[PDB]
Structure formats: C-alpha cells, structure tokens
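Remember, it's 1-based here, ligands and their atoms both numbered in the order they're listed. Sequence positions, counted from 1, serve as the residue numbers for this chain.
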Amino acid sequence: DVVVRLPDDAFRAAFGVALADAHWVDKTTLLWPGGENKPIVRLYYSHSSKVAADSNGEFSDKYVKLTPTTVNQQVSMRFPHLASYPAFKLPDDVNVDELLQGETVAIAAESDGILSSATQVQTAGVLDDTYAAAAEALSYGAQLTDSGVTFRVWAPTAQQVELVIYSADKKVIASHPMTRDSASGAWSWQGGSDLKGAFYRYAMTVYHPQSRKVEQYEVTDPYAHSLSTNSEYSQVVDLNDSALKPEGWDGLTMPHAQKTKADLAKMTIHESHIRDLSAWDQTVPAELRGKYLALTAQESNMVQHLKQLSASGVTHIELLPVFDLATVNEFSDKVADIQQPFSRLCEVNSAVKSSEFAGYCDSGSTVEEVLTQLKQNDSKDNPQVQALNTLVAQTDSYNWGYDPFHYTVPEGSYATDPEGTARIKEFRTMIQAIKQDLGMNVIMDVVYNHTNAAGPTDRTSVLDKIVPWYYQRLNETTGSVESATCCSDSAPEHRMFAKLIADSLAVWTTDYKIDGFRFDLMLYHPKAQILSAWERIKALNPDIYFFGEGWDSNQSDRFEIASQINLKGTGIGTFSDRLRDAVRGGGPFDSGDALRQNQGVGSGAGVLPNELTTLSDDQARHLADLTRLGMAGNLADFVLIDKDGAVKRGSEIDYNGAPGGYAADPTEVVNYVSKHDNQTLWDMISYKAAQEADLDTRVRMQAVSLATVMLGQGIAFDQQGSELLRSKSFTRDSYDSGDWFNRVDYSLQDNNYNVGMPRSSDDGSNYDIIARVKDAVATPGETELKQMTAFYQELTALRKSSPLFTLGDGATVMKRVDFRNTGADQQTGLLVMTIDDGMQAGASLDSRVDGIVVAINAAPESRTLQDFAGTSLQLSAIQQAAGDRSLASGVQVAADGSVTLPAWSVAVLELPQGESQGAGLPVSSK
Ligand SMILES: [Ca+2]
Ligand SMILES: [Ca+2]
Ligand SMILES: [Ca+2]
Ligand SMILES: [Ca+2]
C-alpha cells in the first residue's frame, strides 16, 4: 500500500490533523466528507501516541483501509443529520475494541499517496453499536447490599480503571485494578460489606479526543449516591438503610392522587427554592435557614404560610435543583453570605478585597447592612447595590442550581452537614415533612439536558472524563461540545446516557419518594427517550407524572424532539407559553420600551393603555382568544368563537405563527403567569400598568392574572411568592442574584420591590424604562400582602372546591366547557367561561351544582351580563364568605338574573343542584 506522506510549518501544518468531522457511527461505517472521491481513505490509529507525520514526513502509524459505500438504513435512522455524509466501509474483521483504546484519525490521500486531509474521529455511534446492548443489561455504581458490594462503571474506551478507596480523612487505603468485561466495556470490582461508608473514586487512564492524550485522573462515580463535602469523593451507601430514613419513612404516602386525568388536573404547583424559602425568615432557627430542614420548623412564618397555602388548595411543591449542583461551594469556610460580617466576605473573596468596596473590609458591618445603606443613592446612573452584589454572588450560598455535578445525590450545601451520608436523611426528612405535615406532593426539577462542564481538566467534568465525547452532544465538524443549553450540552439520544437518566429517576422515585419530575429544556431530549423513561418509571410508581419546558431546541435534524407538538396525546405535560404571554403581555425576549408597550390581558391591554403602547383592540382581543383557549386546556380541537366571530379550533388560533392549541388533554398543559426565570408577575405589571392604575388596582391585576391560571382546566403552576406580590426589583434572570434580589419576606413587611437596580450585565438596557416606571405607585406593604394572600387562597380554594374546574379529559372539556362575551361585539377584557354539569353533559360530577360560571373582568369598567337570565345563578359561598375582601366584592346578582361585576374583579357563580340533575349550561353548537 502506498505510504501516505506530506507533499514534496505554515501551509505545511495544513497537511496535518485538523477538526473532527469524521464519524465512526457503527461497527463498519465511517462518515467523512474529506474522503469523498479520494483514492486513499484510511483510518489510522495509535494506542499511546498522537497520530502525526514522522521526521520523514510520513505516517508510519498502523491503519485500516476504508472503501467507498452507501450509508445503510440503520445508520440513516439513528443519525439522520449525517445521512448526507460520504460513507466508507471498514473490513468486518477490524478489531474495534482495540482501535477504540487510543486515538483514531481519518486520513485521505491522493493517487501518489500525498495527504489531502486528516481529521479526528467522533466515536459515540460505534460505541453504542458495539457495547450499548451488553452495557444496558447491567447495573452501575457502588451497589452495596447486606451481603457485600459490587462497583461498576461504564468506560468502554479506558485503557485502565482502578477503584481507589479512601479513609474518612481522605487517605488512600487501597487502589484496586478493576475487571473489564469485553462485551459491555464496563469495569467491575466486588468486595465485602465492610466497604459501607467508604469514600472512593475511579482512577482512569483514558484517551481524551479534546486534549489528544491518554489522560490519567481520578473521577467520582457518575452513579454516585452519596458524596463527601463539595462532591470531591463519591461514597458507598445503601439507600435502604433504616439509619438513613426518618421515622415512618417507608409508610409515607402521596397526599394528592395522580392516577386519573381528573386527579392530575387538580395539580396546583408552588415552584420553590431552598434558600428563597428560608434565607430571610428570622422565625426559622438560624441553623436551618437555607436548609432542607427549614421545612420542619412548624413554628416559622414560612412553614405556617405554606401550611395555609396547602389548606387552601396548593397541592404540589416543585423544587428548584436539589440534586447535586456545582455552583455553590459546600465547604462553609470558603463561603460568605450577606448576613455575615463584611470582614468574612473579604477573607473569602479576593475580588471584593481588590474592589472599590475594600474600605468596608475592616468595618464592623455585615454585608446586608452595607447593601442597605447603598440603597438610597442607588440609581440607573449609580447601580451600586448590584455592583457589590455581583461580587458577593461569586462566594455566597446562592444559585438556582441548574448546573449538574451529580444527578443522583442530594445537594450538600442545603444540608446542615455536607460530609457523607448525613444529607440523605435530612433530604428525606424534608420530603416527609412536605407530604405528611404540609400535605403536598413533591416535584423535582431535573436537568439532564446538560452537564456543568466537559473536557479532561474541569473539576466538575465527570461524565466527559470517564467516557470522553460520548455523554456530550458535539458539533458535527469541530467536535466541540455544544452549548445551546447554555453550558455543556448532553446527548440523551445516546443509549447509555438515556439509561443513566432512567436509572437516576428510578432512585429519586423509589428511594426519595418524589411524586413527579419537571424536565428542564425537555425539547433537547428525544421524544422516544422521555417516553421510554416514563415507561420504566411507571413500573416503579404507576402514578408518576412527567412534564417539561423548552420550545427553543433546534435538534429536530437529529431526532424527533420532545416538543409541545410532538408530545400531543402522550400524557407527558408541557409548559404552555400561550396563556402566559397573553396574560403577562409581550415575550421573554422583550427589552427596553417593549417591556412597557407590550401590555397583557392582566395589565389592561386595550382597555387601560399606558402612554407608550400602540396595541389595538384587535390585538387585545387576540390575546383574549389565547387566554380563553388556555383556560380550556389549550386543546388543539377545542372549538371557540374568535375575536372576529369566526368558528375556530384551538389549533387555528395563532400563537406567533404556530398553532395555539396543541394538546389532546388539559393534563398535557401547564398554565402559568410567573416562574423562577424571567421577571416576576408583579415586576411585569409594574412595567406595563398605566400610570393612573393605583396600588390597589395593581394588586387586583396580579389576582386577575393568576385567576386565568387557577380557574382554568390546564394544570396550574405558579412561582413561590406570587401570593405576596413578589418582586426581584425588576431582575429578569436572578439565578445568581443572591439572597438580596430573590428575597421573599414571610413577615409580610414588603414584596422586595425597589431594593436597587438589577444587575447591569443582563438588565442594563432596561435601566431607562425602569427609572421611568419604578416609582409610579407606593411599594406594597403588609396591608397589600395580606390582601393578595387572601385573593390567592380564594382562587385556589375555588379550584379545589369542584371537580368541574379540573375535568382532566379533553373530550370531557369539549363536552362541558364554553365561553360567552365572544366575537366582534364583545366587551374587551371580560372573560366568561361556563362549565356544564347538567343533563346534556352526562353524569353529575358535583352533587352540589349543575353548572359553574367563571367571570374575569380584566377592565376598569363595571360590566353587566345578561347571558344567564332565568338560570337562578348564585355567587359561590366561598366568595360570599370573603365579603369585601373577595375578588368578587361588589358583584351584583339582580332579580332578572343579570350579573354585574365591578372593575378588576373575579366571580365564580353556580347553579345549585336540586332533587335531580338539572339543565345546567349546555355547550352551544358551532
Ligand atoms: Ca453541590
Ligand atoms: Ca452565587
Ligand atoms: Ca445541531
Ligand atoms: Ca351536579
């Protein structure tokens, strides 16, 4: 065979290895554009060295000859996005296992044997085709039983793997070379039960394509179930151990059913964060602030508040990242929080010590006291509060935590003791407290769409160190780890990562009794993978609920994505951005004046315009169409009368170019008007409300906005604190904005509004509009916060009171739900929904009523309805009981049966059921 050599340092390097656009997708298939129409196409490989030309300019390294071929159906189906790549066939006798042990490079040469191009090889595909099936049949991690322990880690390309055992003081007590299984590429080691509690890491000797060298490093277990402080070492644990469970743990049951669609529809979520809950509560014992155990402080304002929310209708607590995140140092001596001395901050943060704030280092003030004094002179021209806070954020205990370090171990900073197994029982104690004492189910936010880091050097790179270039999704040409998620994109489409995900979810389900999972950026996951995971988990908990959000994934070229459209009819829920945008107004991408111009139904679009908006009545009514559709579950087939009086199915109501209604059942849709990301509802209302809308009116706008969600058929979701008019001082993306901007005051003194300009890096372009609208009205106080809490609990209580609000089944929604005040002659801003329980709907689902009317008057005028004359409609007892503190205060139900609602009001009316099921409110034929 002609020896490949360089032509006869600059343009010369051009004839070396570059990029990584070669893809070894299966046993004998290599996809690479560089070998097209090339006489010589070879796959060179070196066990311990980097493939390169020798002193003679030749490639003496060993290789395998590749011949032209056409990609088969199998490969085309697995990797559609590479189906256009020139294909090359490898001999059936190639020792795949051996070549995968080192570096492989695709090289193409001309007839004379002169190099034309050489590139690195992406092997994820061949790894799955070769080892996946065998590897999938095995279980991983430090599997400790009473009988002994079996460690197993998947590392099909590693040349060596040793199990390093460490003492409690982190001294090596043993290094065991592991046993490799050729079929699976997995390494195992079996020992005695005396290894219980032992710390360990895997010493890897493996080639990493990024660095092009055989790396040597110790890595924690990707299947770790316990960890040392700050995740430096994994730990052997048996989660079944009674010593790791609170008393009565095994008997813990779900306080809320999730079996039928009707059950699921009652789901009413309170999205919370561990620090957001207790970091500021002085009634929570100091040692428990910012900890899982804060949920057990029954005497605290925070817990008492959650207890009442539960009693009033909130059914689920959704937790922001409580798996092991990487962005918070778990070593307490390296952290400084605002409640501590500024001197402590300077000692742990050199950036602060070298900043303009250095003068506060030897002051006797706490960081919080300094931030407080900086408020008065803070403004768009002197954003000093955020200036100091930005530095504080680098070394505090705060972060949302969407930075996965270990997927199946609880976060350590939220435990009172981050060293070892301690956090496991504490986490369980919290779960038990929420379900048993607070009466709410628990949902965990999971982030399998990306890892905190990748590469052979980053402290937090775990998966990409053990099996390089396999767990991350890479660019087809460069081989760089993609960052479309923000960070280090993962590859859920790869078999062993899909398995890791499912195995992880199984532990949270079985061992931590989590009731549901919310997938972050779910559309970055294949539809098939999410469904397979659900199938596996349902075998463990038949009533587990899966849902997620995204809507921005551009991975459709690689596989069918888990999107709103593709998940229709599957039973997997998705956050709907339809009602969200219609009621809040505008979109998450708005900045500058658009934030104020884009009013929503909740902030008076059309009916109470501010000085900058240009919204037309037509545009306002379109938002109302999206809102009504959402209140009916955002179903693709739901039939309504649109703004122009036309008969339209949900799929026909446009949402920025896409079909508005997309679901098969209302349980596949999660409605909301506020969430951890993007501005809070209150801050949006502050951006959009007309100058003349007073404080009281804005509180009602918050309630009216939330009413579209709470009284709607879709699953109800809301941000912790909406009931307290929560503000982040206009911060749009508060993930690292600390305790200061994320503060929730359970003592009810204020809503954290106007506490300094938000971070300039992300909100600086909004400083102008913020300065102009910020001081329109007074900042909410105890009176307004108590007012809002009452409104909120009134709404959740109403939702909880009747099964008619949560039908669950799409067909049932279509047979019972309808709307009035529709068409061209509608009274703008007035949403009127009817729910039938009469003879024509079928059986009576509520023995107390024959029908319900939901009227949301999102307008500054009193509105009169004649649609129910002669029905004997009555205002719900729940609202009547609230008197002048009700959202229905002032509502009039005359003799003639007409109903009149005051401005910014919400009324739930009922048709009392008598001896037998009555006529009800039959849906009108359209
Ligand atoms: Ca952590
Ligand atoms: Ca931070
Ligand atoms: Ca792509
Ligand atoms: Ca009934």
Side-chain angles (χ1 to χ4, degrees), residues 21 23 79-84 122 273-276 279 290 320-321 325-330 334-338 345 348-349 351-352 367 386 388-403 411 413-414 449 452 472-485 489-491 493 523-524 526 552-559 561 731 733-742 759 761 801-805 807 812 816 834-852 874 910-922:
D21 69 319
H23 298 256
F79 309 111
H81 59 126
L82 300 175
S84 72
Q122 303 194 199
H273 175 94
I274 301 303
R275 283 197 73 75
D276 290 358
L320 255 65
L325 53 112
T327 47
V328 170
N329 195 317
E330 303 186 350
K334 299 292 182 179
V335 183
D337 284 296
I338 68 175
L345 172 63
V348 309
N349 190 311
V352 169
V367 178
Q386 63 86 215
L388 170 56
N389 201 57
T390 294
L391 301 177
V392 171
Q394 305 169 175
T395 50
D396 62 15
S397 299
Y398 198 102
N399 200 292
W400 283 346
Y402 289 94
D403 309 290
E411 159 63 8
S413 71
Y414 297 144
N449 65 263
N452 190 236
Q472 315 298 328
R473 184 176 299 122
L474 315 178
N475 177 281
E476 300 88 328
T477 305
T478 69
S480 296
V481 174
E482 298 187 326
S483 60
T485 60
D489 301 2
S490 66
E493 60 268 39
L523 67 184
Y524 279 76
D552 117 296
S553 161
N554 186 58
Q555 305 307 306
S556 295
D557 63 307
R558 302 202 182 206
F559 52 74
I561 65 177
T731 300
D733 179 14
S734 71
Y735 81 106
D736 203 10
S737 290
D739 292 333
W740 192 264
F741 289 99
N742 291 107
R759 66 196 189 99
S761 65
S801 77
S802 171
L804 293 174
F805 286 112
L807 301 174
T812 301
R816 295 170 182 264
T834 60
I835 308 174
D836 194 18
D837 198 39
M839 299 170 278
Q840 300 191 63
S844 172
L845 303 175
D846 191 342
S847 66
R848 298 188 184 187
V849 307
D850 287 312
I852 289 178
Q874 315 184 325
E910 310 171 317
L911 289 179
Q913 192 175 329
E915 186 66 10
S916 301
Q917 188 184 199
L921 299 163

Near the Ca ion (ligand 4) (under 3.0 Å) - protein N, O or S atoms: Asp837 OD2, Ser844 OG, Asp846 O, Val849 O, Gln913 OE1
At what distance, to the nearest 0.5 angstrom, does [atom1] of [X] lie from [atom2] of [Y]?
X	Y	atom1	atom2	value
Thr327	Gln394	OG1	CD	13.0 Å
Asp396	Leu391	CG	CG	11.0 Å
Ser734	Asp276	OG	CG	7.0 Å

Counting N and O atoms only, with roles assigned by atom type, does the side chain of [X] sit under 3.5 Å from a partner on the main chain of [Y], one being a donor and the other an acceptor?
X	Y	result
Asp837	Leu845	yes
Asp489	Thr485	yes
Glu411	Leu325	yes

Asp736 bridged to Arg759 by N-O distance under 4.0 Å: no
Distance criterion under 3.0 Å: protein N/O/S atoms around the Ca ion (ligand 2): 4
Full working for side chain to side chain contact (heavy atoms under 4.5 Å, CB included) between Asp21 and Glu476: CA-CA 6 Å; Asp21 69 319; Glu476 300 88 328; over 6 Å; no
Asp733 vs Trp400 side-chain heavy atoms within contact, under 4.5 Å: yes
